[PDB]
$ cat final_14.csv   # CSV, C-alpha atoms
chain,number,residue,atom,x,y,z
X,1308,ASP,CA,84.4,76.6,113.8
X,1309,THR,CA,85.7,76.6,117.3
X,1310,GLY,CA,88.2,78.5,119.5
X,1311,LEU,CA,91.5,78.1,117.8
X,1312,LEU,CA,94.6,77.2,119.9
X,1313,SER,CA,96.3,80.5,120.3
X,1314,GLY,CA,99.0,78.6,122.2
X,1315,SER,CA,99.9,77.0,118.9
X,1316,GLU,CA,100.0,80.4,117.2
X,1317,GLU,CA,102.2,81.9,119.8
X,1318,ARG,CA,104.4,78.8,119.7
X,1319,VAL,CA,104.9,79.3,116.0
X,1320,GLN,CA,105.6,83.0,116.5
X,1321,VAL,CA,108.2,82.4,119.2
X,1322,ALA,CA,109.7,79.6,117.1
X,1323,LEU,CA,110.0,82.0,114.1
X,1324,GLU,CA,111.5,84.8,116.1
X,1325,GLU,CA,114.0,82.6,118.0
X,1326,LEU,CA,114.8,81.0,114.6
X,1327,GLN,CA,115.7,84.3,113.0
X,1328,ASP,CA,117.7,85.2,116.1
X,1329,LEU,CA,119.6,81.9,116.1
X,1330,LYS,CA,120.2,82.3,112.3
X,1331,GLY,CA,121.9,85.6,112.9
X,1332,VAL,CA,123.8,83.9,115.8
X,1333,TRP,CA,124.9,81.2,113.4
X,1334,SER,CA,126.1,83.7,110.8
X,1335,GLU,CA,128.1,85.5,113.4
X,1336,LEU,CA,129.5,82.3,114.9
X,1337,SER,CA,130.4,80.9,111.5
X,1338,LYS,CA,132.3,84.1,110.8
X,1339,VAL,CA,134.1,83.9,114.2
X,1340,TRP,CA,135.0,80.2,113.8
X,1341,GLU,CA,136.2,80.6,110.2
X,1342,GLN,CA,138.4,83.5,111.1
X,1343,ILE,CA,139.9,81.8,114.2
X,1344,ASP,CA,140.5,78.6,112.3
X,1345,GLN,CA,142.2,80.5,109.5
X,1346,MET,CA,144.5,82.3,111.9
X,1347,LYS,CA,145.3,79.2,114.1
X,1348,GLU,CA,146.0,77.1,111.0
X,1349,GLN,CA,149.4,78.9,110.5
X,1350,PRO,CA,152.5,78.1,112.6
X,1351,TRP,CA,152.8,81.7,113.7
X,1352,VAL,CA,156.4,80.9,114.8
X,1353,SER,CA,157.9,84.2,113.6
X,1354,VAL,CA,154.7,86.3,113.9
X,1355,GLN,CA,154.4,88.9,116.6
X,1356,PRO,CA,151.6,88.5,119.2
X,1357,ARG,CA,150.3,92.0,118.3
X,1358,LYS,CA,148.8,90.9,115.0
X,1359,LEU,CA,146.8,88.3,117.0
X,1360,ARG,CA,145.8,90.9,119.6
X,1361,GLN,CA,144.3,93.0,116.8
X,1362,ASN,CA,142.3,90.0,115.7
X,1363,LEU,CA,141.3,89.7,119.4
X,1364,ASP,CA,140.0,93.2,119.3
X,1365,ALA,CA,138.2,92.5,116.0
X,1366,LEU,CA,136.5,89.5,117.7
X,1367,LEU,CA,135.5,91.8,120.5
X,1368,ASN,CA,134.0,94.2,118.1
X,1369,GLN,CA,132.1,91.4,116.4
X,1370,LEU,CA,130.9,90.2,119.8
X,1371,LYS,CA,129.6,93.7,120.5
X,1372,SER,CA,128.1,94.1,117.0
X,1373,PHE,CA,124.9,92.2,117.6
X,1374,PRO,CA,122.2,93.5,119.9
X,1375,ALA,CA,121.7,92.2,123.5
X,1376,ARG,CA,119.3,89.5,122.3
X,1377,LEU,CA,122.3,87.2,121.5
X,1378,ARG,CA,124.3,88.6,124.5
X,1379,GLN,CA,121.9,86.9,126.9
X,1380,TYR,CA,122.5,83.5,125.2
X,1381,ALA,CA,124.9,80.7,126.2
X,1382,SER,CA,126.7,81.0,122.9
X,1383,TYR,CA,127.6,84.6,123.7
X,1384,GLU,CA,129.0,83.6,127.1
X,1385,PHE,CA,130.9,80.7,125.4
X,1386,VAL,CA,132.4,83.0,122.9
X,1387,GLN,CA,133.4,85.5,125.6
X,1388,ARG,CA,135.1,82.7,127.5
X,1389,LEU,CA,136.7,81.7,124.2
X,1390,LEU,CA,138.0,85.3,123.9
X,1391,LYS,CA,139.4,85.0,127.5
X,1392,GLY,CA,141.1,81.8,126.4
X,1393,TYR,CA,142.2,83.6,123.3
X,1394,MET,CA,144.1,86.1,125.2
X,1395,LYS,CA,145.4,83.0,127.0
X,1396,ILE,CA,146.5,81.9,123.5
X,1397,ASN,CA,148.3,85.2,123.4
X,1398,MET,CA,149.9,84.3,126.7
X,1399,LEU,CA,151.0,81.0,125.0
X,1400,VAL,CA,152.3,82.9,121.9
X,1401,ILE,CA,155.4,84.1,123.8
X,1402,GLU,CA,156.4,80.4,124.2
X,1403,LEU,CA,155.6,79.8,120.5
X,1404,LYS,CA,157.9,82.7,119.6
X,1405,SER,CA,160.3,81.9,122.4
X,1406,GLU,CA,163.9,80.8,121.9
X,1407,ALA,CA,162.8,77.9,124.1
X,1408,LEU,CA,161.3,76.2,121.0
X,1409,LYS,CA,163.9,73.4,120.5
X,1410,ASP,CA,163.7,70.0,119.0
X,1411,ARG,CA,164.2,68.3,122.3
X,1412,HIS,CA,161.8,70.9,123.7
X,1413,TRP,CA,159.4,69.9,121.0
X,1414,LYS,CA,159.7,66.2,121.9
X,1415,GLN,CA,159.2,66.8,125.7
X,1416,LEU,CA,156.2,69.0,125.0
X,1417,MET,CA,154.9,66.4,122.6
X,1418,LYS,CA,155.2,63.7,125.3
X,1419,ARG,CA,153.4,66.0,127.8
X,1420,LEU,CA,150.5,66.5,125.3
X,1421,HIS,CA,150.8,62.9,123.9
X,1422,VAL,CA,149.8,64.1,120.4
X,1423,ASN,CA,151.8,63.5,117.3
X,1424,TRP,CA,153.1,66.4,115.2
X,1425,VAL,CA,154.9,67.1,111.9
X,1426,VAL,CA,157.6,69.8,112.0
X,1427,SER,CA,157.1,71.0,108.4
X,1428,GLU,CA,153.5,72.2,109.0
X,1429,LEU,CA,153.1,73.6,112.5
X,1430,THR,CA,149.4,74.0,112.3
X,1431,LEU,CA,148.7,75.5,115.8
X,1432,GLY,CA,145.0,74.8,115.3
X,1433,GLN,CA,146.0,71.3,116.6
X,1434,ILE,CA,148.0,72.7,119.5
X,1435,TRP,CA,145.0,74.8,120.5
X,1436,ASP,CA,142.6,71.9,120.0
X,1437,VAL,CA,144.7,70.4,122.7
X,1438,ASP,CA,143.2,73.0,125.0
X,1439,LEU,CA,145.8,75.1,126.9
X,1440,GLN,CA,143.1,75.8,129.4
X,1441,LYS,CA,142.9,72.0,130.0
X,1442,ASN,CA,146.6,71.2,129.9
X,1443,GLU,CA,147.9,74.4,131.6
X,1444,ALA,CA,150.0,72.6,134.2
X,1445,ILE,CA,152.2,70.5,131.8
X,1446,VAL,CA,152.8,73.4,129.3
X,1447,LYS,CA,153.6,75.7,132.3
X,1448,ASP,CA,156.1,73.2,133.6
X,1449,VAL,CA,157.7,72.9,130.2
X,1450,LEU,CA,157.8,76.7,129.9
X,1451,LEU,CA,159.4,77.0,133.3
X,1452,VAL,CA,162.2,74.5,132.6
I,1308,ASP,CA,134.6,131.2,62.0
I,1309,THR,CA,137.6,130.7,64.4
I,1310,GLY,CA,139.1,127.8,62.4
I,1311,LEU,CA,140.8,125.9,65.2
I,1312,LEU,CA,143.6,123.3,65.1
I,1313,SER,CA,141.5,120.2,65.7
I,1314,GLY,CA,144.7,118.2,65.9
I,1315,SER,CA,145.1,119.5,69.5
I,1316,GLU,CA,141.8,117.8,70.6
I,1317,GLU,CA,142.6,114.7,68.6
I,1318,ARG,CA,145.9,114.5,70.6
I,1319,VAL,CA,143.7,115.1,73.7
I,1320,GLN,CA,141.5,112.1,73.0
I,1321,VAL,CA,144.4,109.9,72.0
I,1322,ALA,CA,146.1,110.8,75.3
I,1323,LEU,CA,142.8,110.0,77.0
I,1324,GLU,CA,142.7,106.5,75.4
I,1325,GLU,CA,146.4,106.0,76.3
I,1326,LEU,CA,145.6,107.2,79.8
I,1327,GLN,CA,142.7,104.7,80.2
I,1328,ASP,CA,145.0,101.9,78.9
I,1329,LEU,CA,147.7,102.9,81.4
I,1330,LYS,CA,145.1,103.0,84.2
I,1331,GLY,CA,144.2,99.4,83.4
I,1332,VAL,CA,147.9,98.5,83.2
I,1333,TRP,CA,148.6,100.1,86.5
I,1334,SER,CA,145.6,98.5,88.2
I,1335,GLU,CA,146.9,95.1,87.2
I,1336,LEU,CA,150.4,96.2,88.3
I,1337,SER,CA,148.8,97.3,91.6
I,1338,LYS,CA,147.4,93.8,92.1
I,1339,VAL,CA,150.8,92.4,91.1
I,1340,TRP,CA,152.8,94.3,93.6
I,1341,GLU,CA,150.1,93.9,96.2
I,1342,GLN,CA,150.5,90.2,95.8
I,1343,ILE,CA,154.3,90.9,96.0
I,1344,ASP,CA,153.6,92.7,99.3
I,1345,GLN,CA,151.8,89.7,100.8
I,1346,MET,CA,154.5,87.1,100.1
I,1347,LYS,CA,157.1,89.8,100.4
I,1348,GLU,CA,156.5,91.0,104.0
I,1349,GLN,CA,156.2,87.3,104.9
I,1350,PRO,CA,158.4,86.4,108.0
I,1351,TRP,CA,159.0,83.0,106.4
I,1352,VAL,CA,156.9,81.0,108.9
I,1353,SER,CA,154.8,78.8,106.6
I,1354,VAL,CA,155.8,79.3,103.0
I,1355,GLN,CA,157.7,76.7,101.0
I,1356,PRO,CA,160.0,77.5,98.0
$ encode --input "final_14.csv" --output "structure tokens"
Amino acid sequence: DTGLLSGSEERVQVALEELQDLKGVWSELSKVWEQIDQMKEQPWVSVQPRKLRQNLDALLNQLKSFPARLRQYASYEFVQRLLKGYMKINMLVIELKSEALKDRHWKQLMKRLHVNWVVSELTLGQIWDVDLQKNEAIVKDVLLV
Amino acid sequence: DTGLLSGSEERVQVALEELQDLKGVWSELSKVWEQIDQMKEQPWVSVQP
């Protein structure tokens, strides 16, 4: 018998508590990503921006649902910046719904983003994976012209 | 004694069974026309014939 390492015990305790915290975080983040992937999978060519704004508000409510313990994490800040870029996606949506969306317009935008697309399925998850925050200049030039 | 016409309550219970059957029928029809609502309000963005 000897003085047991209480450092190991407190390490186990903090590991367990942070593990449960991050498990709740992973549940919330899995819900967030599945919903955003589901909505961005559709072309949303003839779908008003307001039904994506309401999803934005729902994401905000989900981000405010968990206590402040996650709100101090890098994942919370990343999801908040994702929400900011998601209202940027709303900013984009007007171009998606715009009368601008022509075949030659599609080809010029495609050349700007260098990706390859199939017209039948306009899965805008791909157009957002090509980050609009990253390629803002080229898409803005296309929108202006 | 008050010998009552039990046929009235037999009709009551028959109507009750018919009502439960109709409730099931209209629950299924609610699902049917709900599904109709989903493909029906569709602005024709993604759906194929």
$ residues_around --input "final_14.csv" --residues "residue 1396 of chain X" --least-positions-apart "2" --cutoff "10 Å" --atoms "only C-alpha atoms" --output "VMD selection string"
chain X and resid 1347 1356 1359 to 1360 1389 to 1394 1398 to 1401 1403 1435 1438 to 1440
$ interface_residues --input "final_14.csv" --of "chain I" --to "chain X" --cutoff "9 Å" --atoms "all atoms listed in the file" --output "number ranges by chain"
I: 1350-1353
$ atom_distance --input "final_14.csv" --atom1 "atom CA of residue 1433 of chain X" --atom2 "atom CA of residue 1332 of chain X"
25.5 Å
$ residues_around --input "final_14.csv" --residues "residue 1377 of chain X" --least-positions-apart "4" --cutoff "12 Å" --atoms "all atoms listed in the file" --output "ChimeraX atom specification"
/X:1325-1336,1369-1373,1381-1387
$ residues_around --input "final_14.csv" --residues "segment 1406-1413 of chain X" --least-positions-apart "6" --cutoff "10 Å" --atoms "only C-alpha atoms" --output "ChimeraX atom specification"
/X:1352,1419,1424,1426,1449-1452
$ write_last_selection --input "final_14.csv" --atoms "C-alpha atoms" --output "compact mmCIF listing (two decimals), keeping the file's coordinate frame"
# COMPACT_ATOMS: atom_id res chain seq x y z
CA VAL X 1352 156.40 80.90 114.80
CA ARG X 1419 153.40 66.00 127.80
CA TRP X 1424 153.10 66.40 115.20
CA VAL X 1426 157.60 69.80 112.00
CA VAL X 1449 157.70 72.90 130.20
CA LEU X 1450 157.80 76.70 129.90
CA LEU X 1451 159.40 77.00 133.30
CA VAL X 1452 162.20 74.50 132.60
$ atom_distance --input "final_14.csv" --atom1 "atom CA of residue 1345 of chain I" --atom2 "atom CA of residue 1343 of chain X"
19.6 Å
$ decode --input "final_14.csv" --residues "segment 1323-1334 of chain X" --atoms "N, CA and C atoms" --output "PDB file, in the first residue's frame"
ATOM      1  N   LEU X1323     -13.318  11.389 -18.664  1.00  0.00           N
ATOM      2  CA  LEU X1323     -14.706  10.944 -18.733  1.00  0.00           C
ATOM      3  C   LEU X1323     -15.654  12.116 -18.960  1.00  0.00           C
ATOM      4  N   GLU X1324     -15.455  13.216 -18.226  1.00  0.00           N
ATOM      5  CA  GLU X1324     -16.368  14.347 -18.369  1.00  0.00           C
ATOM      6  C   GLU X1324     -16.237  14.996 -19.745  1.00  0.00           C
ATOM      7  N   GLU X1325     -15.003  15.202 -20.218  1.00  0.00           N
ATOM      8  CA  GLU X1325     -14.815  15.750 -21.554  1.00  0.00           C
ATOM      9  C   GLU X1325     -15.292  14.777 -22.621  1.00  0.00           C
ATOM     10  N   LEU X1326     -15.233  13.475 -22.340  1.00  0.00           N
ATOM     11  CA  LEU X1326     -15.736  12.479 -23.275  1.00  0.00           C
ATOM     12  C   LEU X1326     -17.247  12.578 -23.423  1.00  0.00           C
ATOM     13  N   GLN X1327     -17.967  12.677 -22.302  1.00  0.00           N
ATOM     14  CA  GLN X1327     -19.416  12.851 -22.384  1.00  0.00           C
ATOM     15  C   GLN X1327     -19.773  14.170 -23.060  1.00  0.00           C
ATOM     16  N   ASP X1328     -19.038  15.237 -22.732  1.00  0.00           N
ATOM     17  CA  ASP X1328     -19.274  16.523 -23.378  1.00  0.00           C
ATOM     18  C   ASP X1328     -19.097  16.412 -24.886  1.00  0.00           C
ATOM     19  N   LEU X1329     -17.983  15.825 -25.327  1.00  0.00           N
ATOM     20  CA  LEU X1329     -17.722  15.704 -26.755  1.00  0.00           C
ATOM     21  C   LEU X1329     -18.665  14.712 -27.422  1.00  0.00           C
ATOM     22  N   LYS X1330     -19.213  13.752 -26.676  1.00  0.00           N
ATOM     23  CA  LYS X1330     -20.221  12.869 -27.256  1.00  0.00           C
ATOM     24  C   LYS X1330     -21.516  13.622 -27.532  1.00  0.00           C
ATOM     25  N   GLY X1331     -21.949  14.462 -26.590  1.00  0.00           N
ATOM     26  CA  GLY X1331     -23.070  15.345 -26.878  1.00  0.00           C
ATOM     27  C   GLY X1331     -22.773  16.282 -28.035  1.00  0.00           C
ATOM     28  N   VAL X1332     -21.539  16.790 -28.085  1.00  0.00           N
ATOM     29  CA  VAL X1332     -21.110  17.641 -29.190  1.00  0.00           C
ATOM     30  C   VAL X1332     -21.217  16.891 -30.510  1.00  0.00           C
ATOM     31  N   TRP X1333     -20.766  15.635 -30.536  1.00  0.00           N
ATOM     32  CA  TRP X1333     -20.807  14.850 -31.763  1.00  0.00           C
ATOM     33  C   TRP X1333     -22.235  14.545 -32.178  1.00  0.00           C
ATOM     34  N   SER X1334     -23.124  14.302 -31.216  1.00  0.00           N
ATOM     35  CA  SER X1334     -24.530  14.107 -31.563  1.00  0.00           C
ATOM     36  C   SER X1334     -25.105  15.358 -32.219  1.00  0.00           C
TER      37      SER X1334
END
